[PDB]
There are 2 protein chains.
Amino acid sequence: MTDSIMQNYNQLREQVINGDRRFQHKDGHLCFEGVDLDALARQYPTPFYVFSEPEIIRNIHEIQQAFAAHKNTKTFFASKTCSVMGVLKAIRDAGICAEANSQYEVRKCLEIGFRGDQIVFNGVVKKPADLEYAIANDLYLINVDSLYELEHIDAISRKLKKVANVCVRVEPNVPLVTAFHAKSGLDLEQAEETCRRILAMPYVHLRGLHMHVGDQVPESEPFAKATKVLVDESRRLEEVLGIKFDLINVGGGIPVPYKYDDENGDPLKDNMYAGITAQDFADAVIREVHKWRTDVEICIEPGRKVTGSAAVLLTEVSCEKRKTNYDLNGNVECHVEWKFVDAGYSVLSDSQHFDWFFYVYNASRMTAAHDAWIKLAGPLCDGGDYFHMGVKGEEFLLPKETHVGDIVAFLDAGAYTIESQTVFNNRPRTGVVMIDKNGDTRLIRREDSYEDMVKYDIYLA
Amino acid sequence: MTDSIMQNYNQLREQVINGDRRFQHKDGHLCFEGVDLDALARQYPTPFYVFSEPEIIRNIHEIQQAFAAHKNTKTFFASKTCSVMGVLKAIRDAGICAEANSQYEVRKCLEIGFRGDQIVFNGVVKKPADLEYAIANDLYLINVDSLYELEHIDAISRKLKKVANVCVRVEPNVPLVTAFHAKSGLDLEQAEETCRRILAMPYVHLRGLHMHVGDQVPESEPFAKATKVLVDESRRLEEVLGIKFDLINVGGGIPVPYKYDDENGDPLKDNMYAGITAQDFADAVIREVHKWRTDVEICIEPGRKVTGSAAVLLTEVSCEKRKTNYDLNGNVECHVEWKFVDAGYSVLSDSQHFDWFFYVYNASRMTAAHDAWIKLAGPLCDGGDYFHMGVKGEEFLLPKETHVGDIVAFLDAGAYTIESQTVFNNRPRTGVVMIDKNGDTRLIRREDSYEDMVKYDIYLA
Ligand SMILES: *[C@@H](N[C@H](CCCCN)C(=O)O)c1c(COP(=O)(O)O)cnc(C)c1O
Ligand SMILES: *[C@@H](N[C@H](CCCCN)C(=O)O)c1c(COP(=O)(O)O)cnc(C)c1O
Ligand SMILES: [Cl-]
Ligand SMILES: [Cl-]
Ligand code: NA
Ligand code: NA
Ligand code: NA
Ligand code: NA
């Protein structure tokens, strides 16, 4: 029943403003960390994202508390999740480390104040220039993804006379088929010879094995099975090769709740429901590692969990229309109420390209019943630019009183939402605002200007 | 049979270098307009796109020749397809007009030398500032997408005391449901009152009606049926309102061949096969318009057809690995040869997000049989960043002699491929090179630098 769907969604709405650590209401408006989001969107041009340093801190606390049973745990935020410098700074100030996924990500982590010993550099394509930059900066780990890349690591560490610290990425076949569907890592069967080669290299230091299971993983079993494979091989290689590993790096993949009404959801069928918590991830990993060693360092690489819940996208309702389907005799078959916001898939890419659900509310009318079925469209000149991941099918719920000028909020908009923006239609990539630990706001990324649209081009004026 | 697939693909390869108006071979390498693309990729850092001014000109000729039966045809390149200034300049110098999809697109079209009377501004969200800029610049057309937007056009044109020239966009119900699936335009039922209202406005001039059917449309029927609706309503409104329309704007959607072996394809099932040519589009449109008037101006808005065939993405094979699935006795079930190029979906977005096929060849070994099944991966730290739209399933064909350092070419890479790039993983958006009419090359867009990417951020140190 759609009445039951509407009732349930309004129960969720009420829970945002009465039972959510991030949110409040004031003057009829949604507030984030005490900041009125309607008011904030009158001071900065929409669309823009607003991040919460308090919520990032809460997320990091969940992750670290989860690993209390293993003292020697090192946490590296996967910076491909969000690398706006002010977000990286909040993460650095919250006391964890950083994982980087390109030369420029390494450089920005160093610039914002992560030390070399707080940085892991991962990748399937690490060109000589990338490896030379990483090795020269004394990174804590550079993963080894292939035998071809390892030849460059050997040659460049020799040229620099500088030790490269490495972890060998192994991707276990844990039942998709690994050889067909996992481009990353080496096969389990190649780990021994790879480690053998590294031991003999004068400037390459083997620190352990590495894996990464995936993203938004709704079950603990894959982490447990894959960690066991890497643990069993670590234990075996210690005996065969006569070494003691510094660490094991188990990657990321802790899910974030994108739908909260867990009683109504099956995470295995709809992974917008978070199937597990950080504690479940930690229990699975730590249990497997401790079957081998309790003293070894465990490295983790959470991305999504650090920032996903910690931002809201604010976008203004900028136009409206009613479209009507008529039958062949001119009688109404249905009306569709379209609301157009100033953010489309060029601003919130995963809503379109990855069928990602985010809660949508009228932030200007947050205490009003969301009692009208509407379709929510973006501003791109593209028939596919509307939000298909609705409350019911492709339909959302907003107050029937919704007006052009109101501010719509997408919740849980903090992971994989900034660097994935485009200038399609030459609409600018968005500004980003930060709410600090004191509840004060500041701009941390400007909106792309016109001069930004053309400065990259070379043309006679 | 896969031998037949391999034989067919190699026949296609031979037709590229011995049959295609764009390409030749020299020194074993793919040439585009006589430019050796292996050599070019040693002069500019990969990945980058190279555009051909000669091929843009050929595409425009096809479009304009198709409309020979209707002298008063005005052609507007849909600049959301590609708005790199050097590409826009080639299109301007080839003698056609420009359609724009945001305030900044209007501005860049004016900057590069399109006059106001050569610019159409379309959109579903045209905010007051957008409309004021457009009206102040005397645009040939601003479409009217909604009644709400029309109120701003009336108020702003009055404020400026400048006539706004408009076309009313009407989206016909041509049989899944226009009201549910088409966010753009007014309903046919609203056209009459909307036009009557415009006639009464002192600073708004009604030019005609507008539609746009869609993109990569593989049949002529949707264009004929939709044009007839617009033509019938135009003729009816001329009588009812006592006016003579300047024009009718029938939009874009002429497809481009992404697979060429039409004898093996069903365009209605796989629209990488172009189901129609520009001549088919023009026949359908012109036939319907001439049932009303032969003197009226027909406006068309081709995007994809102007540039799609006119660029190649050049990307270097930057790593390689073999993965093997073993049975439980250690015997080999299969091997997978992974080749990694330095372009992934952040560079060629539609290959991932829209399941778009592009021909892939080894440009460095273009005269060699492409006789080895490989999987082609990008450099992003994302298991999904590999090219799934293969020659057979997810598998591509390259010479068994392929080596790291070879240059891979993606053909037909000129539509919707530049502005859709991202800085995911902080890999830079690509440079762009142009081959001019004289066959000489120049950089027309730089690769994003480290600076460029961090300079939008506001941070302490
Ligand atoms: C990132 N995970 C990648 C990319 C996920 C999809 C992004 N649109 C994957 O292979 O799934 C990644 C992480 C962080 O993962 P989270 O899911 O915790 O954010 C950690 N380590 C590595 C090596 C990654 O690539
Ligand atoms: C463009 N309309 C889009 C094109 C597809 C975008 C895919 N990322 C659609 O969804 O139909 C457009 C054009 C040009 O269309 P082409 O297919 O010829 O490039 C012309 N007129 C208008 C009003 C458009 O929006
Ligand atoms: Cl840590
Ligand atoms: Cl023209
Ligand atoms: Na606004
Ligand atoms: Na060594
Ligand atoms: Na290169
Ligand atoms: Na008028």
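Could you grab me the full set of residues in region B:301-332 that are more than 16 Å from ligand 7 (Cβ to nearest atom), in a strand (DSSP E or B) and out of contact with any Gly (no Cβ under 7 Å at 6 or more places or on another chain)?
B:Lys321, B:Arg322, B:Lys323, B:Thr324, B:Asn325, B:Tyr326, B:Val332
Looking at (1) surrounded by fewer than 24 Cβ atoms within 10 Å (Cβ to Cβ); (2) closer than 18 Å to B:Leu230 by Cβ; (3) hydrophobic (A, V, I, L, M, F, W, C), which is the one condition that is false for B:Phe180?
Among (1) surrounded by fewer than 24 Cβ atoms within 10 Å (Cβ to Cβ); (2) closer than 18 Å to B:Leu230 by Cβ; (3) hydrophobic (A, V, I, L, M, F, W, C), the lone unmet condition for B:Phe180 is (2).
If you go through region B:207-220 one residue at a time, do you hit one that is in a strand (DSSP E or B) and either β-branched (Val, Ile, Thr) or within 16 Å of ligand 5 (Cβ to nearest atom) (or both)?
Checked region B:207-220: no residue is in a strand (DSSP E or B) and either β-branched (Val, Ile, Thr) or within 16 Å of ligand 5 (Cβ to nearest atom) (or both).
Under 7 Å by Cβ, and 6 or more places apart or on different chains, what pairs join a residue from region B:166-181 that is over 14 Å from B:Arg207 (Cα atoms) with one that is among the hydroxyl-bearing types (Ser, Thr, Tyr)?
Partner pairs satisfying both residue conditions: B:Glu171/B:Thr178; B:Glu171/B:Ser184; B:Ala179/A:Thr324.
Among (1) within 16 Å of ligand 6 (Cβ to nearest atom); (2) touching a helix residue (DSSP H, G or I) at 6+ places or on another chain (Cβ under 7 Å); (3) part of a helix (DSSP H, G or I), where does A:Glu238 come up short?
Answer for A:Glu238: the failing condition is (2).
For B:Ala68, all conditions in the list (1) buried (at least 21 other Cβ atoms within 10 Å of the Cβ); (2) within 16 Å of ligand 4 (Cβ to nearest atom) hold save one; what is the number of the exception?
Result: B:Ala68 passes all but (1).
Restricted to region B:73-111, and to residues that are surrounded by fewer than 23 Cβ atoms within 10 Å (Cβ to Cβ) and acidic (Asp, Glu), which residue is farthest from ligand 4 (Cβ to nearest atom)?
Filtering region B:73-111 for residues that are surrounded by fewer than 23 Cβ atoms within 10 Å (Cβ to Cβ) and acidic (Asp, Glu), the one farthest from ligand 4 (Cβ to nearest atom) comes out as B:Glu111.
What are the pairs with Cβ atoms under 7 angstrom where one residue, in region A:94-110, is on the phi < 0 side of the Ramachandran plot and the other, located anywhere, is acidic (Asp, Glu) and away from ligand 8 (no atom under 16 Å from the Cβ)? Sequence gap at least six, or different chains.
Hits for this filter: A:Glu99/A:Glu301; A:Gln103/A:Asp130.
Filter region A:91-135 down to the residues that are within 22 Å of A:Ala182 (Cβ to Cβ) and among the basic types (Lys, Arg), then identify the one that is farthest from the chain's Cα centre (by Cα).
Among those residues, the one meeting the criterion is A:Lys127.
If I filter region A:169-183 down to residues being closer than 15 Å to A:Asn143 by Cα and more than 7 Å from chain B (Cβ to nearest Cβ), which single residue comes out as farthest from ligand 1 (Cβ to nearest atom)?
Only one residue fits best here, namely A:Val170.
Condition first: more than 16 Å from ligand 7 (Cβ to nearest atom) and outside any loop (DSSP other than H, G, I, E, B). Now tell me which residues in region B:338-364 satisfy that.
Passing the criteria: B:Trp338, B:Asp350, B:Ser351, B:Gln352, B:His353, B:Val360, B:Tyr361.
Can you tell me which of (1) away from every other protein chain (no Cβ under 14 Å); (2) part of a strand (DSSP E or B) is the one A:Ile374 doesn't meet?
(1)
Collect the residues in region A:187-216 that are on the phi < 0 side of the Ramachandran plot, within 13 Å of chain B (Cβ to nearest Cβ) and within 14 Å of ligand 1 (Cβ to nearest atom), keeping them in residue-number order.
A:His210, A:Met211, A:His212, A:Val213, A:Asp215 - these are the residues of region A:187-216 that are on the phi < 0 side of the Ramachandran plot, within 13 Å of chain B (Cβ to nearest Cβ) and within 14 Å of ligand 1 (Cβ to nearest atom).
Being within 11 Å of chain A (Cβ to nearest Cβ) and out of contact with any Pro (no Cβ under 9 Å at 6 or more places or on another chain) is the filter here; which residues of region B:140-168 pass it?
Those that are within 11 Å of chain A (Cβ to nearest Cβ) and out of contact with any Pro (no Cβ under 9 Å at 6 or more places or on another chain): B:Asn143, B:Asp145, B:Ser146, B:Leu147, B:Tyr148, B:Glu149, B:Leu150, B:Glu151.
Filtering region B:115-139 down to residues that are buried (at least 24 other Cβ atoms within 10 Å of the Cβ) and not aliphatic (A, V, I, L, M), which residue is farthest from the other protein chains (Cβ to nearest Cβ)?
B:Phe121
Just give me the residues in region B:112-165 being under 22 Å from A:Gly344 (Cα atoms) and within 16 Å of ligand 4 (Cβ to nearest atom), in sequence order.
B:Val120, the sole residue that qualifies.
Could you tell me whether A:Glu151 is of a type in the set (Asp, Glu), more than 26 Å from B:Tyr450 (Cβ to Cβ) and crowded, with 23+ Cβ neighbours inside 10 Å?
No.
If you take the residues in region A:84-114 that are in contact with an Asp or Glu (Cβ under 6 Å, 6 or more places away or on another chain) and within 16 Å of ligand 1 (Cβ to nearest atom), which one is nearest to the other protein chains (Cβ to nearest Cβ)?
The selected residue is A:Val84.
For A:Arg365, are the conditions met, namely being at the interface with chain B (Cβ under 9 Å from one of its Cβ atoms) and either in contact with a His (Cβ under 8 Å, 6 or more places away or on another chain) or not hydroxyl-bearing (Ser, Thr, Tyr) (or both)?
No; evaluated as a whole, the condition is false for this residue.
Checking the condition closer than 19 Å to B:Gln64 by Cβ, more than 16 Å from ligand 2 (Cβ to nearest atom), of a type in the set (D, E, K, R) and part of a helix (DSSP H, G or I), which residue from B:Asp295, B:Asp283, B:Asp232 passes?
When all the criteria are applied, what remains is B:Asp283.
Looking at (1) buried (at least 19 other Cβ atoms within 10 Å of the Cβ); (2) in a helix (DSSP H, G or I), which one does A:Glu189 not meet, given that it meets all the others?
The failed condition is (1).
Within region B:184-229, count every residue that is within 16 Å of ligand 2 (Cβ to nearest atom) and within 18 Å of B:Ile142 (Cβ to Cβ).
9
Could you please let me know if A:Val454 is surrounded by 18 or more Cβ atoms within 10 Å (Cβ to Cβ) and at the interface with another protein chain (Cβ under 9 Å from one of its Cβ atoms)?
So A:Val454 fits the description; yes.
Quick one: how many residues across region A:377-416 are buried (at least 20 other Cβ atoms within 10 Å of the Cβ), within 11 Å of another protein chain (Cβ to nearest Cβ) and away from ligand 2 (no atom under 15 Å from the Cβ)?
Qualifying residue count for the region: 2.
Out of all the residues in region A:430-445, which are surrounded by 22 or more Cβ atoms within 10 Å (Cβ to Cβ) and more than 7 Å from every other protein chain (Cβ to nearest Cβ)?
Selection gives A:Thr430, A:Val432, A:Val433, A:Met434, A:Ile435.
Every read-out reported here was derived from the displayed coordinates using simple, explicitly stated rules and does not represent laboratory data. Quick reminder, even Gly has a Cβ in these numbers, built from the backbone with ideal geometry, and neighbours come from all protein chains shown.
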